[PDB]
Structures are given as C-alpha cells and as structure tokens.
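Worksheet: one structure, shown below.
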Amino acid sequence: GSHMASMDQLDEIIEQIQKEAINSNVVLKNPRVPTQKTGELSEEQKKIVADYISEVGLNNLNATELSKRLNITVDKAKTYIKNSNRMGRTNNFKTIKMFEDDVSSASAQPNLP
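Numbering (this note's numbering), first residue to last: 179 to 291.
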C-alpha cells in the first residue's frame, strides 16, 4: 500500500520531520522497559483461565467460556489451553509433592559436598 498522485500535492516537499530515522532501531543501548503490551496475560485473565483449571481439571472446560471473558477468538482459546499447559503442571507433577524435604533448614544455599 502506497500513495501516488504527483499532481494534487506539488506545493510542500520534505524528507524528514522528526528527531529519529535509522540511528535508534539499528543502534540501541536501553534494555530496560520493552513494549510487550499486546494482551500477554495480566491479572484478570488468570482469574478466568487458572480459576477454571481449579474448577474442572484441564480439558473438561470449553474454548467458548474462555473467549467470552478473555475476548480472544475461539481458535486462540482452543490452542492457548494446550500452549500454556499441554500435559498439565508442565508434566513436572511426577516427583514433587511426595519427594521434597528439608535437610539443613535452608534453600538455594551453596551445598557442594
């Protein structure tokens, strides 16, 4: 998509109108606050999704009840379910809850025998 007229617009002609061009997108040194604000699951959205994972299990919910409250399309709901949790608890629930115990009443401390 482009504009081509070259008849109705021959009065004011200019190449740059702002303090940026190619000197920022090619050469950046500000890795602090990226623009990730594109519906990437905030807080209310978990109170729909994970609230449902607490109610019916993982797979006994439907995509319609998600899309009605999250305002995603049904096909985004259908894939988002398996995309966040394909097996449930990232399949890690096979060892935790019946194997972890305290030894020296400490956690994430240096312990290399």
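For every residue, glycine included, the Cβ atom is placed at its ideal position computed from N, Cα and C.
Cβ-Cβ separation between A241 and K256: approximately 4 angstroms, consistent with a contact (criterion under 8 angstroms). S232 sits in coil when the DSSP states are folded into three classes, being neither helix nor strand. Apart from sequence neighbours up to five positions away, no residue of its chain approaches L206 with a beta-carbon distance below 8 angstroms.
Leaving aside the five residues that flank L239 on each side, the residues in its chain whose CB is nearer than 7 angstroms to its CB run, in chain order, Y230. The beta carbons of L236 and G266 sit about 5 angstroms from each other, so the pair counts as a contact at 8 angstroms.
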